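S.K.: enclosed are the sequence and the experimentally obtained structure.
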Amino acid sequence: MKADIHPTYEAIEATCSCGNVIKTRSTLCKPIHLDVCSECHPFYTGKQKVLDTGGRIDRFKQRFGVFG
Amino acid sequence: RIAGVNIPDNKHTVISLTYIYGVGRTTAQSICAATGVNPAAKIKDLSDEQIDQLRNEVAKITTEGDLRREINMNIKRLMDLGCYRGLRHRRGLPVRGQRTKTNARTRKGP
Amino acid sequence: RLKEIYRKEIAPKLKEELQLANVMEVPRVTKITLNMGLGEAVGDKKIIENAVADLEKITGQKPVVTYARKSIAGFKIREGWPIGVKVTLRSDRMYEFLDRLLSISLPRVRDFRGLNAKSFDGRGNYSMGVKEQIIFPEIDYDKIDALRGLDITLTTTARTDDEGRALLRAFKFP
RNA sequence: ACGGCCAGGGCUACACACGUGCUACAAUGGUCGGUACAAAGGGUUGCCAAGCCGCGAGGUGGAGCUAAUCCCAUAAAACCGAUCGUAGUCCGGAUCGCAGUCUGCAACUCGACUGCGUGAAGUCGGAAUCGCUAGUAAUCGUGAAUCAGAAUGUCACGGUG
RNA sequence: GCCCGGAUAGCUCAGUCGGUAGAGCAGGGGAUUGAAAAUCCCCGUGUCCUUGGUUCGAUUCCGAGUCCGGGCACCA
RNA sequence: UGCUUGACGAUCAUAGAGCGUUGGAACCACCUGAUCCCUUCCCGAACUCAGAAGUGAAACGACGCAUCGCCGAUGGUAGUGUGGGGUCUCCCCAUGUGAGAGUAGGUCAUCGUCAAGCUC
RNA sequence: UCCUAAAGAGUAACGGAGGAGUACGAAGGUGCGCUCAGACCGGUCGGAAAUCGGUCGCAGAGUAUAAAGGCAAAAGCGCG
Ligand SMILES: [Mg+2]
Ligand SMILES: [Mg+2]
Ligand SMILES: [Mg+2]
Ligand SMILES: [Mg+2]
C-alpha cells in the first residue's frame, strides 16, 4: 500500500435502531448510527410478504352477502 | 434510507413526510398526531430518537416501491380481463368517462 | 472481521458439505472489483475527478481511471479518452469492504430481493449492480451528484457456479 | 309501412382546427384557530329541525309548519393571532388505483358527490382581438327555474369596490 | 469514340476541407377580409443519384455504374 | 549399476492437444502479517522480503490412457531436361528424372553436463 | 510494393493492381515489467455492443504511414 495515496482508514462503530453494534473499519473517522441493518430489513426478517395478488372473490363476499 | 426515501430539510414535519410517496397531507397529520412529533418544529430540530417511530408508522401504510407495483398490478387486472375501462386505458383515452371529442389532451400530449 | 468468521466456521463446514477431500480445496473469494462506469458525459472533463473522489471514499483506496481501446461512433468519439474508473480489493480490504455488504448495504438496493441467485458465470464468478451512490458511509446527499453507475463484481476460486452458490449462501445476501 | 309496440346500442366516439365558459400559474397570497354584517326566493303530495351514530358524503329520528311564527340557512370576501419565505412550492388541481353514500327496476358504455394515495401541463401567455364611462369594471357569496339524480352554462339578489 | 462540370427538401441554389445541412419559393395551421389574394405569426420536410472501399465515423475522401450539360471527334 | 527431483541445453508437433491415480523428500506455489529493502498507470495474486505457524488438492511436477493433430511409405499420375514426330491454341514417342493428394499404420518422444534425495 | 518474371540477379509493352514529394525532442537510446484479435456467461438508466470479472484462446490483432516480406531475443504495450 502506497503511503500518501489512500485516505485515512480508521475504526468506527455502526449502531442500528435496534442497537446492533457493528465494529467496521472505514474512512468515516466518526461513528454514525443507521436506521436499518441486515437484521432489521423486512426481506431478511421475513416481513416482506407478497403483493396479495387479487381477491375479488373475497371482496365480493365481504361486500355483498347474497343469501341463497 | 432516511425514511424509505430522502427527505428534505428546513421544512415542517407534515410537509417533509408528504414526499414519502404514499402519505399525503391528511395521513401525515394523523401520523404526527399518533407519534407526538410537533409539526411546528423543523425536521432539523427533531432528535434522532422518534424517527424510528416515524419509520414504523411509514411501515404500516405503504412504501412507494410496492405501491407502484401493486397499483400497476391493479391496472394489469383490468388490462388482462377485456373490460372497457382497460380497453380505453391501453389506447390512452380517458377512463372515467370524460369527453373525447376535444380537450382530452392530458392523456395524449401536445 | 469476516475473515475470522470464514476461517472458523465456513472453511471447516464447506469441506464436509461439498464432499471435498482436504482442507484447502474449499472455494474462497478471490477479489472484488467495482468498476464504476463513467460512460455518460464523455466529452466533459469535469465528472471524472468527481467520480474518482466519490469512489475513493467508499473504498478507502484511490481508484484508477480507465481509457478506451476502440471507438464506437454510435457511443462516442475517442476525444473523451477516459471512460472508466476501476478499483481492486484483495484480502486486507476485501473482507472489510464485504462487511458493508450483508450487514449495512443490504439497506442499499431499495429492493424486493437482495440479489438474484440466477446471475453467475460458467466458472462461478458473481456480479451485481448498485443503482445509487447515496448508499455508503461518509457521503453527503446535498454535495453528492446522483450520476454514479457502480457495479460490484466478485471473483471466486470455484470450478462451477454451484460451489459459488454454496460459498455465497454462508455470508448470504440473496 | 316513410305508420305503430318492446329490448339493447347511439346522440357524451376522436391524430385534428374553431367559439364561449371555469380553474389556475401564487406572498395585494396558501393553510390552521377564533369572530361581523346581507338581500331575494322555496316549502301541508313539501320543507324535513333537535338529539343521535359516522374521518366525511350521510343514516336514524320525528318536531314545528301552511307562514314576520317552523325549516331551507352556516352567507363569503374583510377584520384578529400563528406558520409558510416565492421553491414547479403547505401553488395548481387534471389524471389514475382502492373504498363508499344518495337517487333511480336499473350508475359498464353513461351520473353527482364523499374518504385515502398519485401527482401532470401551467412561471401571465405571438400575429391579432374583445367588454366596460359609476354602485360601472374587478372580485366573493347566497337562493331558484328545468329537475327521481345530475351545472363551470343559465334563473335572481346582495357584500368590498 | 475521348475529355471536363453537376446530381442537396415538392422546386431553385448555398454548403463542407470528415463528427453540422441552410436561403428563397412551395406546403400545413392560426389571424386578417363580408369572401379570395397580398399584408402578419408559428410549424414540418432532405436519408445529399446508385454502388465498393478508407476509416471509430462519409453528402464531404477514393474507384466504378446511371442520368443531365459543356468541349472535341482533326490531315487525307 | 536403480527410482525421484532442480538447473541449463541437443532437436523442434513420430517431441503436440485431451481424457485418471498421485509425490512429503528436498523443490512447487499457497500462507501469518507486510513490520525491515522493494512493489502497485489503484492491488503483497504480478515484484520483493523474515520462513514453513500451516497446506498437498486448485496450481504446477513428472507419471496412465492413441480420439484429434503431426509423420508417411511402395505403386501410379501430373510435370520436366535432351532428341524426333502428329490431327501442332494441344499431345505422343526414345531416354533420364519425377512430384502434390490419397493409400496399412507409430507415438504419452530420444539424448548431454552439473546438483540433491532415497540405503549408508 | 506485388504480378507478368519462366523456383539465383535482370528482363519490355499506351500490360494488370496500389502509394510517396511526410511525420516523431518522443513515435530515438538504455534498464525493468505485460499480453493480442475474436467467442461465451454474469453485471443498475448503456446493451449486438462503452467500463468490469471469468473462461475458451494458442497472433485469425498491432506496426505512424500504400502493398510485400518479417516480428515469444516479440520489432507490440507501460514505467524510471
Ligand atoms: Mg335538480
Ligand atoms: Mg527471378
Ligand atoms: Mg528463371
Ligand atoms: Mg516501434
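M.R.: Now that the structure is in, tell me what you want to look at. Numbering: from 1, shown residues only, chains lettered A, B, ... in the order given. Ligands and ions are numbered 1, 2, ... in the order given.
S.K.: list the buried ones in the longest strand seen in chain C?
M.R.: For chain C, the strand with the greatest residue count under DSSP state E is strand C:150-156. By 16 or more other CB atoms under 10 Å in any protein chain shown, the buried positions in strand C:150-156 come out as C:150, C:152, C:153, C:154, C:155, C:156. Every C-beta, even on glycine, is put in place using the N, C-alpha and C of the backbone.
S.K.: ok, stretch C:45-63 next?
M.R.: Buried residues in stretch C:45-63, counted by 16+ other CB under 10 Å: C:47-48, C:50-52, C:54-61, C:63.
S.K.: helices of the chain, start to end?
M.R.: Using chain A here. A:42-45, A:56-63 (DSSP state H).
S.K.: actually, chain C is the one I wanted.
M.R.: With DSSP H as the criterion, chain C has helices at C:2-5, C:11-17, C:47-59, C:91-97, C:161-168.
S.K.: mind putting the ones you listed in CSV, distance to chain B included?
M.R.: Below are those laid out as CSV (distance: least, CB to the nearest CB, whole Å):
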stretch, distance to chain B
helix C:2-5, 23
helix C:11-17, 34
helix C:47-59, 15
helix C:91-97, 19
helix C:161-168, 24
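S.K.: nearest to RNA strand G, out of these?
M.R.: helix C:161-168 (8.0 Å; CB to the nearest atom of the strand).
S.K.: does that closest one reach RNA strand G?
M.R.: No - remark: helix C:161-168 sits outside contact range of RNA strand G, by CB under 7 Å from any atom of the strand, the gap being at least 8.0 Å.
S.K.: between that helix and strand C:150-156, how big is the angle?
M.R.: If you take axes from the mean of the first three to the mean of the last three CA atoms, to 10 degrees, helix C:161-168 sits at 110 degrees to strand C:150-156.
S.K.: what residues does helix C:161-168 touch?
M.R.: For helix C:161-168, contacts defined as CB atoms under 8 Å, 6 or more residues apart in numbering or on different chains pick out C:10, C:14, C:17-18, C:26-29, C:117, C:120-126, C:156, C:158, C:174.
S.K.: in chain B, which residue sits closest to RNA strand E?
M.R.: residue B:110 (9.9 Å).
S.K.: count of neighbours near that residue?
M.R.: 3 (other CB atoms under 10 Å in any protein chain shown).
S.K.: that one: which element?
M.R.: For residue B:110, there is no helix or strand it lies in under DSSP states H and E.
S.K.: do you know how far it is from residue C:112?
M.R.: Applying CB to CB, to the nearest Å, the value for residue B:110 to residue C:112 is 36 Å.
S.K.: which ones are touching residue C:137?
M.R.: Residue C:137 neighbours (CB under 8 Å, 6+ apart): A:12, A:14, A:24, A:26, A:27, A:28, A:32, C:58, C:100, C:104.
S.K.: one more time with 6 Å
M.R.: A:26, A:28 (CB atoms under 6 Å, 6 or more residues apart in numbering or on different chains).
S.K.: name the residue closest to the centre of the chain, please.
M.R.: With no chain named, the answer covers chain A. residue A:41 (2.6 Å; CA atoms, centre = their mean).
S.K.: please refer instead to chain B.
M.R.: The C-alpha lying nearest the average C-alpha coordinate of chain B belongs to residue B:22 (CA atoms, centre = their mean; 2.9 Å).
S.K.: returning to that earlier point: among the helices of chain C, which comes closest to residue B:96?
M.R.: Nearest of the helices of chain C to residue B:96, taken as CB to CB: helix C:47-59 at 45.4 Å.
S.K.: roughly how far is the closest one from the heart of the chain?
M.R.: Distance of helix C:47-59 from the chain centroid (CA atoms, centre = their mean, to the nearest Å) equals 15 Å.
S.K.: now chain B against RNA strand F: closest residue?
M.R.: Closest point on chain B to RNA strand F, by CB to the nearest atom of the strand, is residue B:1, at 27.6 Å.
S.K.: which parts of chain C sit against chain A?
M.R.: Chain C comes close to chain A at residues C:57, C:60, C:61, C:62, C:96, C:99, C:103, C:104, C:106, C:107, C:137, C:138, as judged by CB under 6 Å from any CB of the partner chain.
S.K.: from the residues you listed, which are also near RNA strand E?
M.R.: With CB under 7 Å from any atom of the strand as the criterion, those include none near RNA strand E.
S.K.: ok, those vs residue A:3, which is closest?
M.R.: Using CB to CB, residue C:62 comes nearest to residue A:3 of those, at 11.9 Å.
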